[PDB]
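The chain below stands alone and is given as structure tokens, in the form solved without the named molecule.
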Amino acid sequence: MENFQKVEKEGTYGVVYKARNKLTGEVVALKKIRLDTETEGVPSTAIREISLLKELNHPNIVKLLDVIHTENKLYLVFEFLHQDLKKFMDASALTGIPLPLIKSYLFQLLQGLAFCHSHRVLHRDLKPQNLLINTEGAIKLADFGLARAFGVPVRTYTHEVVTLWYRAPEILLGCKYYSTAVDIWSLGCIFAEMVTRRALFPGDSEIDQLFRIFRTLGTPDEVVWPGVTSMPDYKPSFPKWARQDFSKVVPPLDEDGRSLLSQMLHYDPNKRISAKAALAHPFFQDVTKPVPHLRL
């Protein structure tokens, strides 16, 4: 455990120290987990997260560098990133993010996301808060605390109600067979939010949220979404709203942008575009990798 120069960074299972290597004096992120406070010892969630990250080695996924056991502690050594997307979006809100940077970020997120789905891993809770960026113009998927890997959940929603602004509508409708498409939806809402500086589905809670989506994308039916009316939480008494002129929703978007967003936002999980598929979308025809100046 010594090759470090700790510094604070309210973390996850306790604190989260930013630190330096001793040999390499390199910035790293340390997640501290206690092994001697819980009835069953090492939390099953930590165990699942570790095995999950062990297989997720990709440039666009925060990398688990090492797992160190010391005393009554378990230290997860993650690669260190300076900040998250929420802070960034807020440090240029009026200024907006340049298209080349928005395109690059969405491009990387779809790469990390494609890698994830190729390993039977669903993130289930993608949002600005857990999409970290560094000073080399990279953005990475982080915090797989609500992930479903190999079909097994690291944690279920029932207790961890985060934010529902990026939750796919099939989850909201209690679909019992939801899968990888739910993450694509989250990215679709995040891709828009970047462009407009505003959250796509600014819903109040649980109930509103679903309607917030209906009042924007129109109440789905059996034509656009075969099987909706059979969803566990679908209600025949639902209000029949209609689509909104998307051209007015995400205005600064070019014919390709909405072309990609419209496919990441299909009500039908079967029609919704995949990560792999979106990678070959023309909107990514001219993708560079600009590197922003970070407000640190």
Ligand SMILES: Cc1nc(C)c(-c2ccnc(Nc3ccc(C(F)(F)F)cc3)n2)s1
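The term rigid core refers to the maximal set of C-alpha atoms that superpose within 1.5 Å between the two forms. Numbering starts at 1 and runs along the sequence shown.
For the cut-off of one third of the other compared entries, residue 68 stays well clear, since all of them model it along with its flanks. Where the other entries of this protein model the residues before and after it, residue 232 is kept in all of them rather than dropped from a third.
In terms of unmodelled positions of the deposited sequence, the chain runs continuously from residue 18 to residue 19 in this entry. In this crystal structure, the stretch out of 205-213 and 93-101 whose C-alpha atoms carry the higher mean B factor is 93-101. Higher mean CA B-factor, judged across 46-54 and 258-266 from the recorded values: 258-266.
Within the selection 161, 114, 126, 132, the deposited Cα B-factor values reach their highest point at 161. Listed residues 70, 60, 37, 247 were ranked by CA B-factor as deposited; 247 comes out on top. Placement of the Cα temperature factor of residue 278 within the chain: middle third of the modelled residues, per the deposited record.
Placement of the Cα temperature factor of residue 156 within the chain: middle third of the modelled residues, per the deposited record. In the deposited entry, the Cα temperature factor of residue 119 sits in the middle third of values across the chain's modelled residues. Residue-level temperature factors show residue 242 in the middle third of its chain, judged at the C-alpha atom. Residue-level temperature factors show residue 180 in the lowest third of its chain, judged at the C-alpha atom.
Separately, the form deposited with the named molecule bound exists; it is not shown, and the next lines address it.
When the named molecule is superposed onto this form from its pose in the entry with it bound, three or more of its atoms come within 2.4 Å of a backbone or C-beta atom, and the site is therefore classed as blocked.
Taking the partner from the other structure, the named molecule in the entry with it bound has a heavy atom within 4.5 Å of a heavy atom of residue 132. Interface residue remark: residue 198 is not counted as part of the site for the named molecule in the entry with it bound, having no heavy atom within 4.5 Å.
By the criterion of a heavy atom within 4.5 Å, residue 211 is excluded from the residues contacting the named molecule in the entry with it bound. The shortest heavy atom separation between residue 87 and the named molecule in the entry with it bound is within 4.5 Å. For the marked spot (31, 78 and 83), a heavy atom within 4.5 Å of the named molecule in the entry with it bound is present in each of the three residues. Of the residues listed here (173, 154, 102, 164), only one shifts its CA by 2 angstroms or more between the shown form and the other one after fitting on the rigid core, and it is 154. Put the two forms on the same core and the Cα of residue 40 is off by 2 Å or more between the shown form and the other one. Relative to the shown form, the CA atoms of residue 154 and residue 139 are pushed 3 Å or more farther apart in the entry with it bound. In contrast to the form presented, in the entry with it bound the C-alpha positions of residue 142 and residue 155 spread farther apart by 3 Å or more.
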